[PDB]
Protein chains: 4
Amino acid sequence: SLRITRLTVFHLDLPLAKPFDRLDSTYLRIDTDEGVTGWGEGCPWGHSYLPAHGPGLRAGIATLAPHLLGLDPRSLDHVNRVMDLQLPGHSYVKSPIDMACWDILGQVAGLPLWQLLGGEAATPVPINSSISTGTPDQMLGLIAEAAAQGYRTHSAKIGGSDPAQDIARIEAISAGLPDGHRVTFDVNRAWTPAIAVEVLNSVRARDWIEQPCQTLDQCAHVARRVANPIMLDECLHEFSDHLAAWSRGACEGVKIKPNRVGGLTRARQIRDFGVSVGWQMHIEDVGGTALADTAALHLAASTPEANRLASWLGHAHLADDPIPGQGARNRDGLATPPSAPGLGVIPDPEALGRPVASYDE
Amino acid sequence: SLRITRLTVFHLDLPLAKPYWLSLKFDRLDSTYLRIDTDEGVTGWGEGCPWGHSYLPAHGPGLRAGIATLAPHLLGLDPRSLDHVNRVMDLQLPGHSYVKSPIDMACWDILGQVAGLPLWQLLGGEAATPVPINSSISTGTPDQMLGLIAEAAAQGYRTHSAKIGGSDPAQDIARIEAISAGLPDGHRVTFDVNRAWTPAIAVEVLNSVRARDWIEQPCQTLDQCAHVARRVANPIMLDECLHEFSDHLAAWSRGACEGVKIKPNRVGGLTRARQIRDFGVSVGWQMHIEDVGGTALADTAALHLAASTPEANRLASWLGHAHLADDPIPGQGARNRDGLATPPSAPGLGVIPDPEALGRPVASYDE
Amino acid sequence: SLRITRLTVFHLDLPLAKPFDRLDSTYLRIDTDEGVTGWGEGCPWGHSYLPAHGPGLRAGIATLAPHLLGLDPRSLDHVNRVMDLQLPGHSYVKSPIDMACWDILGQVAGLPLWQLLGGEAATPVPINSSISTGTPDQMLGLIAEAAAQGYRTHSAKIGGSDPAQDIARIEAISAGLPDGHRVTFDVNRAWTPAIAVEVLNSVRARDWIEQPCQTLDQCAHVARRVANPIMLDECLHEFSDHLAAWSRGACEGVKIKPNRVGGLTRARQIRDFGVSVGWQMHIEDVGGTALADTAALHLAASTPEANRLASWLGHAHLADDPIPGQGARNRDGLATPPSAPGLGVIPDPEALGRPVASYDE
Amino acid sequence: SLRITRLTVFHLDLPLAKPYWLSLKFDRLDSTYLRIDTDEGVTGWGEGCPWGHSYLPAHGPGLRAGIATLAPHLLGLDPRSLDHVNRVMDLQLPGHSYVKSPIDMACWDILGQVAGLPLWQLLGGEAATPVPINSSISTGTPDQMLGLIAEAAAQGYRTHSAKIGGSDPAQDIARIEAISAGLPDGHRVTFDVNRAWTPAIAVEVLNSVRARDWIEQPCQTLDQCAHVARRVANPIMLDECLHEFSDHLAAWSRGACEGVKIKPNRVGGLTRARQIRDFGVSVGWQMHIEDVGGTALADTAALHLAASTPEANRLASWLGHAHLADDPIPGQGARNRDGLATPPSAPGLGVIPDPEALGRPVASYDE
Ligand SMILES: [Mg+2]
Ligand SMILES: [Mg+2]
Ligand SMILES: [Mg+2]
Ligand SMILES: [Mg+2]
């Protein structure tokens, strides 16, 4: 008999700290007849990073609202089935909805998400830096910085059509890393296979390379020809892409991002599959405020230590904060998810602005 | 030199001829017409009309949101450079093929008018080939569907798409054997299952039946359909699981099918549909080329691609406007004349909607 | 109603600048009833390089002429279908015909080929040198030269039955290349797999190796055993060979040459396929005058920058020029295709000689 | 020591017995006879006769152009060293197998005469084995083809090649079941489709029919035929897609077929045909060995290879000269005597054309 009673949609205009200069984030409030309210966030990283954009996100909540009204939000797999029937794909639309129902379930259950996701403890999860693309000594300065801030894993954005510079970047960074630190070379689909093969086979570094090419097939091809661990990310849209990645032997790890795979319920199924096949995983969201970071972090904290790599906190990159003082935050390069029932963050609607849409029955 | 100058968006509420009931009255289609103007006064039109919002990853409100996201980026582009415009849309909004298809269709219109050639010719066709049209035969008993087909046949249809599916093998079996046995001579049927089978039910029914007609998309995924294909004897047609060119390449390398349907709104437009068409010809696929839904505008776009396809590879097209109660573009576009439809031969697309017939625009974008 | 009205065949005797000492080129003029004339060129690189030769080329135009007369040249796929029905294979015969119809279509459309082939602009395409086979310091002198001329990519012809010399060649050239320049080792089918494996696994260079062996199967075998990017060329005769190359995971790039694949319509289908699977490509013709170079260059200029490598200009190697002042030419290591409608080159028949054959209806 | 001294080219205009009409009257064959002389007065002859110019990558004018290109390079060669001559032709003009086949055939003639042995013996055969010949049964109704076969049978044919194909499954089905059911006892048929099916139509027809006779080349490519083969129950014979030895190796490794036809003009001559023949024996293929077209000269060359093939692997040969209206070499070569033909036992090829019967030479090449 618990029923979803109202969905309210907020649009947050979030300038980035280091300027696209802004993010378009959607906050979603879900009410129930018994007065338990859940919240979710979907904030695509602009509209060019993934099949996702803020105005489409809000349009998708509109298409789904009338099918979500009156569902029992405690039945998470059922909620997801209904979302899949009513609007295929659009994982970016589905994530904040699924996030908010999880929040409800955790509040009704009296348990934080990390415990519903199976974890023994609110594990402090190591956080990782983003090193933006530049020259060999530039990136190396940005790393010295991040290390001073307490990051011990760093994700260097590299890529291009120019084999020589990526070679230079990789060999400088891989050698001039502080002792005990970890670096991932994030190419974000910017190589063709020819470049990946030339670059990686010219370099002694055997660090992680993340998503070197645009497709799974192109990544698998690179993997058979080079010696580095390959991490997949943006080409994984649904569970079947992960199964294909596994069956092609394409990778040794994946990133799992709720807004890319359709929320916590889908992410958890992927996470369990990754543990079963020995993958190591970065579990984080695509972008947004500490609300999105918190949901991801509950899933990251509940992952076996052998399989869990550092998480990125998207809110580190924002000029503003709509939910100051809430969520997993960086404390000496570690973020601990909250232990209160549900998500553990409650946005104040006054901080958010006036709702851009609202659906009742 | 030529430059996109304005994009105008129209939302058309299209009633269906035959509502059907759902477990919801599915009543009407939400169609988007897009008008692209340029600085030299050549204007192109395109349509994107998802079959409601549950058929594919596509819905009307999402389509109009996508155009909003892309508009700032299309303003200023030379619409004659089609591949380039496609790359921009791909850089600026990955996926969302249902968003991209009307934009690409309008650029093709513009290109055709600048070239003074009909789309079927730019697509390589020797002539405005009349293309056979198929019937839609709704699910029911063996005796019903067979009566719905005699009826179809009296209207000039020689190819028929029989909608079967559901989790009771026994009546799917009865339907297939009945329909396949009692077709008029020279007629053809395809059994459209529409992802309704699990692989277990597919294997049980197809291996229970003597009929060797096409089975279209028995299961939800490519991987499931390829599994069924290795275990049954019928020609397999893929459709809904094919979202982009790499899925076609994957279908081909697994030997999953002997044909595909190509629908611009599913694959992102004519430029992308054409590359797939040509791939199909290279590997010997037979293909239905048609759109997902909409008025005779989306249907004419698809029919240009269908008419330019070599006869060996070309099967019947479905005309979505045949299922509509209204017509916003009366007397324009390829229409069914006794089981065949012929694309226009005017430069470009060959249809020009009257803004007066469309309602007030819901969005406009200019530089 | 536009109809092909006459085909005229010219035979050009072209001495090479650096001496087989000559090329046999065929120029083809196609007239229509509405007075729009298109031109094409097929010029095999002698008769030993590919399944192609000048006298066969002219013989094939003879077999096809009566099937081409009266076709609508604007319908390019239809023209190609008719050529395939009437004379299977013989891509070398078909290329100049298809080239001339494209020229017509571009003139009727009022658009240059690079825009009909989808490009945003007449992109200046980087040109690459040909370094003929010799000793390590010889080839290195020839490269210093080409670099002075403005070439920044160089194609070194290597190959033989002698592993030690190719090792010497490769390691000298790969190390003594000017900064920022690119080198491809063009073996032109001159290795068996045993030699390819010994050579490439003895060398630190990870430059492109082009067509190391006689067949696709032999190249794929080498590719699985070595660390360099493999570029395919001469074994690709038709689209199905490219599909097989892709499915075998044999290569990371291909060269596309109109006279080898049957013209611009076939080349474009290959080019689009290469972009879709992440290949990088050299798009150029097999040999001939700036007319053949120009057609290829329209297709090269319209290829996404991520996928496009340098083009070779065959006319650089000729003593003569029948079309002086026309076509894409080298200007500081870059060639820009023309922007006039169609091909953008108009041969003067007076410069060509007396037609060796002519077909009317 | 022995040296090629002159090459002489003849062009023979061969009328067919049965013109057939095209959508063009296909009237006559363009055949090339080549004479190779040497310094010791041993002369060899070869023939290359494509089945018109649309059947394979081959045509008469191209063949005479190819000989022109190769002549300077063959002049001076020792024609006894066959592999070597093949390598030279391969270095000097890649591909163009239709060009190389008559040159290689003439060298084999020369080699046989120098050795004082018939080709069938140099090819390893124990004796001049009479080889069964098959009929050609033209496309028509079930009742026609079956009447064309009783007729064939009365002429001594026990193997019949029934030409089917076209994009209407229903009558291909009727033809196959009719013909396969009503063969004389002891007789055999092959259904020659000649690349006319797409894979969808192949799968529909073959999986609709009880007949398990050979199907020859259902589809255009090896990859399409191998796809069909995995899904149907009939023995598959490959032919036209096999251009060179690597395609045979590819056919073998995909399990695409249980037999092949070997035609010298398609694969480049006897030297290349022989290597493929032997490969077929090693892997247990059954094979038809015959030429593409031409006079009893090309037919005798192929029949030497056919007679030397072990009986387990050897099926019927087609004799191209049976379809000609003329005969430039009357009373020479292997001819059909009541369903069998026997290659000659004279040294070399065993046929010697009279230049007087051939017209004036169209080209001559000497050192
Ligand atoms: Mg990434
Ligand atoms: Mg379907
Ligand atoms: Mg090469
Ligand atoms: Mg055959």
Side-chain angles (χ1 to χ4, degrees), chain A residues 48 133 135-136 158-171 187-206 209-228 230 232-235 244-245 247-251, chain C residues 123 125-126 152-153 174-175 177-185 200-201 203-210 219-232 243 245-255 273-282 303-310:
Chain A
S48 84
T133 178
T135 75
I158 66 170
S161 260
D162 196 310
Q165 32 194 71
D166 275 330
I167 282 164
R169 253 111 88 157
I170 283 165
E171 38 187 32
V187 7
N188 185 219
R189 296 170 283 192
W191 284 340
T192 57
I195 287 162
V197 171
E198 170 173 6
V199 169
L200 301 176
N201 282 347
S202 287
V203 115
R204 296 168 315 261
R206 318 259 96 109
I209 311 292
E210 184 180 333
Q211 189 71 49
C213 302
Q214 184 61 210
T215 72
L216 172 54
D217 177 79
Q218 282 175 47
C219 287
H221 175 92
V222 165
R224 303 184 269 279
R225 306 208 64 207
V226 312
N228 298 69
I230 282 101
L232 266 13
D233 180 6
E234 288 97 355
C235 66
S247 105
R248 276 162 142 313
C251 72
Chain C
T123 307
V125 181
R152 309 192 101 237
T153 295
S174 176
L177 249 208
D179 285 287
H181 289 216
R182 246 101 104 155
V183 61
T184 292
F185 297 100
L200 301 176
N201 282 347
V203 115
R204 296 168 315 261
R206 318 259 96 109
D207 305 284
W208 284 108
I209 311 292
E210 184 180 333
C219 287
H221 175 92
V222 165
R224 303 184 269 279
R225 306 208 64 207
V226 312
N228 298 69
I230 282 101
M231 178 58 58
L232 266 13
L243 225 35
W246 168 80
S247 105
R248 276 162 142 313
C251 72
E252 289 83 21
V254 307
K255 292 220 169 154
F273 176 78
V275 168
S276 287
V277 308
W279 283 344
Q280 291 200 293
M281 292 160 294
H282 298 272
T303 307
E305 127 104 280
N307 301 90
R308 177 184 63 214
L309 299 171

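Letters A, B, ... are given to chains in the order of the sequence lines, protein chains preceding strands, and every chain is numbered from 1. Side chains included, hydrogens not; waters and symmetry mates left out as well; all remaining heavy atoms used.
How far CZ of A:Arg224 is from CZ of C:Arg224: 10.5 Å, rounded to the nearest 0.5 Å. With rounding to the nearest 0.5 Å, the separation of NE2 in A:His221 from SG in C:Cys251 is 7.5 Å. Separation of atoms OG (C:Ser247) and CG (A:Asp217) is listed at 10.0 Å; rounding is to 0.5 Å. C:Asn228 CG to A:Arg225 CZ: the interatomic distance, rounded to the nearest 0.5 Å, is 7.0 Å.
Across A:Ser161 and C:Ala306, no two heavy atoms sit closer than the pair OG-CA, 3.7 Å. Here the shortest heavy-atom pairing between A:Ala194 and C:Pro229 reads O-CG, 3.7 Å.
For A:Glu198, the parts sitting under 4.5 Å from any heavy atom of chain C are the backbone and the side chain alike. Using a 4.5 Å cut-off between heavy atoms, C:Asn307 touches chain A through its side chain atoms alone.
Residues C:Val277 and A:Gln214 have side chains not in contact (no heavy-atom distance under 4.5 Å, counting atoms from C-beta outward).
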**Study point:** Stepwise side chain to side chain contact (heavy atoms under 4.5 Å, CB included) test for C:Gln280 and A:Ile195
**Key:** CA-CA 9 Å; C:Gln280 291 200 293; A:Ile195 287 162; 3.7 Å; yes
Point to revise | Derivation of the side chain to side chain contact (heavy atoms under 4.5 Å, CB included) call for C:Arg204 and A:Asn201 | key: CA-CA 9 Å; C:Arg204 296 168 315 261; A:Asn201 282 347; over 6 Å; no
